[PDB]
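Here we start with a single chain on its own, the form deposited in one PDB entry, put down as structure tokens.
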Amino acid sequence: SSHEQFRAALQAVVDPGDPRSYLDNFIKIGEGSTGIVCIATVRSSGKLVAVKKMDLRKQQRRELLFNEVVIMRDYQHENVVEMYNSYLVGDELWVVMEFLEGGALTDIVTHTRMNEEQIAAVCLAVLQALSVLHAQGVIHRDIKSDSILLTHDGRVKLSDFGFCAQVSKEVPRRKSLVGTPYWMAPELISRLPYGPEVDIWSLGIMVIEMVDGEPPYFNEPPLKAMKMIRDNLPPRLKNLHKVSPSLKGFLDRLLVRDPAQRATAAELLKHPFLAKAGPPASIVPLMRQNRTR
């Protein structure tokens, strides 16, 4: 009933019709917090696309599903996953989007050791995406390795906008407790009204993923890790001796407890650490299909 009501709402904003009419060979390739991801073949072309399928009845905040169509309509960009169409299919929202065949950054940080050229490439690409989003008041709010996808040729794109929000003159700060515990900014855990700064903190934690292979406190259960992030000084690299002074200096601009003193995306784009960034090709050897070839 509220379900039926919500379906009818989603229909108002999505494309008409049914992509099963033009896609074949759905194969499940992963699951996130809002739904599953399949690849599919476009029948006419043989081209591959990704289809995110999000059940309207299995969301913590089902109104956040509108984030998909806000981003799709308004905030497309070369470092954001291309989103082609959205549909209401039975009790699910489907988004047909680009297939990022280089996979998620998670697989790389789990199995591989990135060098600083590679790390600098990912950070530069993400910061390009964030500078543009933040300038328009869009906060991603779930920055972590799982949200960073790669093309086959090593180009970096943000994905998983399901938890994003907008700030504006009339709504200058957000308050919602949103994100993934280990990556959450301390002001957000503290329930202080917050802005785009929270994404810069989360990026800092992703740098720690890239250097150490996991976020701080990853062995603690989530409710307990958030307490630690809230209460303690900024987390430290397990492997400080393994990072250049340039990278440590960069990281120290991200993991600042006071949001007003944290570097902004625009400022971070000028950091000397990012001069180390290799081209997309530098990332390609880390990918599953290449690293044991």
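All residue numbers refer to positions in the sequence shown, first residue = 1.
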Quiz item: Of 176-184 and 216-224, which one has the bigger average CA B-factor?
Solution: 216-224
Practice problem: Give the stretch, out of 41-49 and 225-233, with the larger mean C-alpha temperature factor in the deposited entry. | Solution: 225-233
Exercise. Would you mind checking where the Cα B-factor of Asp18 ranks among the modelled residues of its chain, as the lowest, middle or highest third?
Key: highest
Quiz item: For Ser145, does the deposited CA B-factor place it in the lowest, middle or highest third of the chain?
Solution: lowest
Exercise. Would you mind checking where the Cα B-factor of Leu158 ranks among the modelled residues of its chain, as the lowest, middle or highest third?
Key: lowest
Quiz item: Looking at the C-alpha B-factor of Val207, is it in the lowest, middle or highest third of its chain?
Solution: middle
Practice problem: Would you mind checking where the Cα B-factor of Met72 ranks among the modelled residues of its chain, as the lowest, middle or highest third? | Solution: highest
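A second form of this protein, the form solved in complex with a partner chain, is not displayed here; the remarks below concern that form.
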Exercise. State yes or no: in the bound PDB entry, is some non-hydrogen atom of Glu78 no more than 4.5 angstroms from a non-hydrogen atom of its partner chain?
Key: no
Quiz item: Do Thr112 and its partner chain share at least one heavy atom pair within 4.5 Å in the bound PDB entry?
Solution: no
Quiz item: Is there any non-hydrogen atom of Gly154 lying within 4.5 Å of its partner chain in the bound PDB entry?
Solution: no
Quiz item: Closest heavy atom of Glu117 to its partner chain in the bound PDB entry, within 4.5 Å or not?
Solution: no
Quiz item: Residues in which of 125-133, 79-87, 138-146, 195-203 have heavy atoms within 4.5 Å of its partner chain in the bound PDB entry?
Solution: 138-146
Quiz prompt | Answer option from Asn239, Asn232, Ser33, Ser246, heavy atom within 4.5 Å of its partner chain in the bound PDB entry | solution = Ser33
